[PDB]
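Structure at a glance
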Amino acid sequence: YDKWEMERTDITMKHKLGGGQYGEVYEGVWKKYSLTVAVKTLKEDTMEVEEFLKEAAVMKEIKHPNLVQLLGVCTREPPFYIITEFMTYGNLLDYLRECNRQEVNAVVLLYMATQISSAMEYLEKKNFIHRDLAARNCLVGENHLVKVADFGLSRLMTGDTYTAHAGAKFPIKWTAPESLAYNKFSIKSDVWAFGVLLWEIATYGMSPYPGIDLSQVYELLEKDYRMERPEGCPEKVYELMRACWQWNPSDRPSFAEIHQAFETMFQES
Ligand SMILES: *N1=[C]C2=C([C]=[C]1)[C]=C(O[C])C(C1=[C][N]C3=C1[C]=C(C1=[C]C(C(=O)N([C])[C]C#[C])=[C]N=[C]1)[C]=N3)=[C]2
């Protein structure tokens, strides 16, 4: 903990990131290293202090090439900082929508899915869940490096279930049926969300279930409606989506199985 602690005056704030989408996140400069960093701050009513401080504590334990790396914290005295590495190309959703598809082609998409599934395999092993897997929550660096934002991770042992607080509102079109109906989350609900993320990647950032009313999504899902295969999407990639969208959570593949399948497809391309 104290090994991560640093003075606030080691950081200079340059630009506010967002805009507002992720809260109070700023582009910053770690002066002694001339290093651009991302700085999370706590305002008046952004989030509760103890939650903010727990986010910093959890990230200290997280180390993976495809998870946003913690660099330091300022947790001795307010204003509290959380300092992480900076991903120059922003979120994956806007990246896919605005990219050159001749550069970001089929093999690059597989490479992206491989990286993300690698991070989720890690979280799966370390008994963590993400609970908001989506393109908007993945970050892109140079050479199609993709990292998953890990600022809302929850501790949960394999086979256990997290029950979301009462009155919680979910990103419905990314949300597993057991979560929509009973506020229950597990690594298998992350698997479901990963399937939607795959669909986002295959469509270069199109909105899921296009035109479909949010109020009828759950009802469609229980009658085994699923999104059709996007064009250009390899059948085996789509079969991985459909596997992620099995009704029964235990029927869904593990992230270890998902990552292995993508690693094979990526290497054999
Ligand atoms: N606490 C810390 C966070 C977040 C929530 C709570 C969310 C984040 O983004 C998902 C970060 C974060 C860490 N590294 C990082 C982060 C966000 C960006 C980013 C940059 C840009 C961008 O390039 N703009 C606006 C133009 C310029 C300059 C767009 N979106 C996201 C990059 N790296 C930390």
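Cut-offs used in this document
- Residues numbered from 1 in each chain as written, not as in the entry; some residues may be left out.
- Heavy atoms only, no water.
- Residues with missing side-chain atoms left out of burial classes, pairs and counts.
- Helix = DSSP H or I, 4+ residues; strand = E, 2+ residues; numbered from the N terminus.
- Rg over C-alpha atoms; globule rule 2.2 N^0.38 Å.
- Contact = heavy atoms within 4.5 Å.
- Expected span 1.5 Å × (residues − 1).
- Buried < 20%, exposed > 50% of the residue type's maximum accessible area, 1.4 Å probe, protein only.
- Pairing = 2+ DSSP bridges.
- Axes fitted to C-alpha atoms, helices over the stretch in contact; angles between N-to-C directions.
- Core = buried A, V, L, I, M, F, W, Y, C linked by side-chain atoms within 4.5 Å.
- Domains from an automatic or database assignment.
- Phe/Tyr/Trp six-rings, centres within 6.5 Å; stacked < 30°, edge-to-face > 60°.
- Near = heavy atom within 4 Å.
- Polar contact = N/O pair within 3.5 Å; in protein donor to acceptor, adjacent residues only side chain to side chain.
- Areas by Shrake-Rupley, 256 points an atom, 1.4 Å probe, with all protein chains shown as cover.
- Nonpolar A, V, L, I, M, F, W, Y, C, P; charged D, E, K, R; others polar.
- Salt bridge = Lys/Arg side-chain N within 4 Å of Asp/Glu carboxyl O.

This entry, as listed in the PDB, derives from X-ray crystallography and reports a resolution of 2.27789711576 Å.

**Observations concerning the overall build of the protein chain**
Looking only at helices and strands, the protein chain has eight helices and eleven strands in total. For 269 residues, the compact-globule estimate of 2.2 N^0.38 gives 18 Å, and the C-alpha radius of gyration of the protein chain, at 19 Å, lies within 12% of that figure. Here the C-alpha coordinates of the protein chain stretch approximately 55 × 45 × 35 Å along the principal axes. Across the protein chain, every contact between residues at least 6 apart in sequence was considered, and the portion connecting residues at least 24 apart equals 64%.

**A few points about helix 3 (residues 106-125)**
An ideal rise of 1.5 Å per residue puts 28 Å on 20 residues; helix 3 measures up with 29 Å between its terminal C-alpha atoms. Counting buried residues along helix 3, 16 of its 20 residues qualify, which places the element largely inside the surrounding structure. Of the residues flanking the end of helix 3, it is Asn127, one or two places downstream, whose phi is positive at about 55 degrees.

**Notes on the sheet that holds strand 4 (residues 70-74)**
Hydrogen bonds along the backbone pair up the strands of a sheet, which may run parallel or antiparallel. If you trace the five strands from one edge of the open sheet to the other, you get 1-2-3-5-4, paired in antiparallel fashion. Because the sheet does not close on itself, it has two edges, and the strands there are strand 1 (11-16) and strand 4. Averaged over all adjacent pairs, the angle separating strand axes in this sheet is 35 degrees, with direction ignored. Contacts from helix 1 (residues 49-59) reach strand 3 (35-41), strand 4 and strand 5 (81-85), with the element oriented near 35 degrees to strand 5.

**Observations concerning the nonpolar core**
In terms of nonpolar packing, the biggest core is built from 59 residues, with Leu92 and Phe194 touching the most fellow members. Top contributing element to this core by residue count: helix 5 (residues 187-202), with eleven residues. Viewed by domain, this core spans two of them, domain 1 (1-86) and domain 2 (87-268), each represented by three or more residues. Non-local contacts of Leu92, meaning those with residues more than four positions away in its chain, are made with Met112, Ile116, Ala135, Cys138, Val140, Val146, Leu197 and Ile201.

**Section: the pairing of strand 3**
As judged from the six bridges shared by strand 2 (residues 25-30) and strand 3, these two strands associate in the antiparallel manner. Paired with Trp30 across the two strands is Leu35, which belongs to strand 3. Counting the residues in the hairpin turn of strand 2 and strand 3 gives four residues, including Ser34, whose phi is positive at 55 degrees. Two strands pair when backbone bridges link them, and strand 3 and strand 5 are joined in this way by five bridges, in the antiparallel orientation. Across the sheet, the residue bridging to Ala38 is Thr84, located in strand 5.

**Examining the packing of aromatic side chains**
Tallied over the full model, the rule gives eight aromatic pairs. With a centroid separation of 5.2 Å and 20 degrees between ring planes, the pair formed by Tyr111 and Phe266 is classed as stacked. One end of the pair, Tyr111, is in helix 3; the other, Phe266, is in helix 8 (residues 255-267), with 155 residues separating them in the sequence. When its relative accessible area of 28% is taken as the criterion, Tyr111 is described as partly exposed.

**Regarding the site of the ligand**
Of all residues adjacent to the ligand, which total 17 residues, the nearest are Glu27, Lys40, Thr84, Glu85 and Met87. The contact in question runs from a nitrogen atom of the ligand to an N or O atom on the backbone of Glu85, over 2.9 Å. Measuring from a nitrogen atom of the ligand, one finds a backbone N or O atom of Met87 at 2.9 Å. Here the ligand loses 79% of its free accessible area of 700 Å² to cover by the protein chains. Among the elements of the structure, strand 2, strand 3 and strand 5 are those that each provide at least two residues to the shell around the ligand. A breakdown of the residues in the shell around the ligand according to their chemical character gives ten nonpolar, four polar and three charged. Viewed by domain, the shell around the ligand spans two of them, domain 1 (1-86) and domain 2 (87-268), each represented by three or more residues.

**A word on the pattern of salt bridges**
Per the stated rule, a full pass over the model turns up six salt bridges. In this structure, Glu85 engages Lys147 in a salt bridge whose closest nitrogen and oxygen atoms are separated by 2.6 Å. Residue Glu85 is located in strand 5, and its partner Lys147 is located in strand 8 (residues 146-148); the two are separated by 62 residues in the primary sequence. The shortest N-O distance in the salt bridge between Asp132 and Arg136 comes to 3.1 Å. Judged by relative accessible area, which is 28%, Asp132 ranks as partly exposed.

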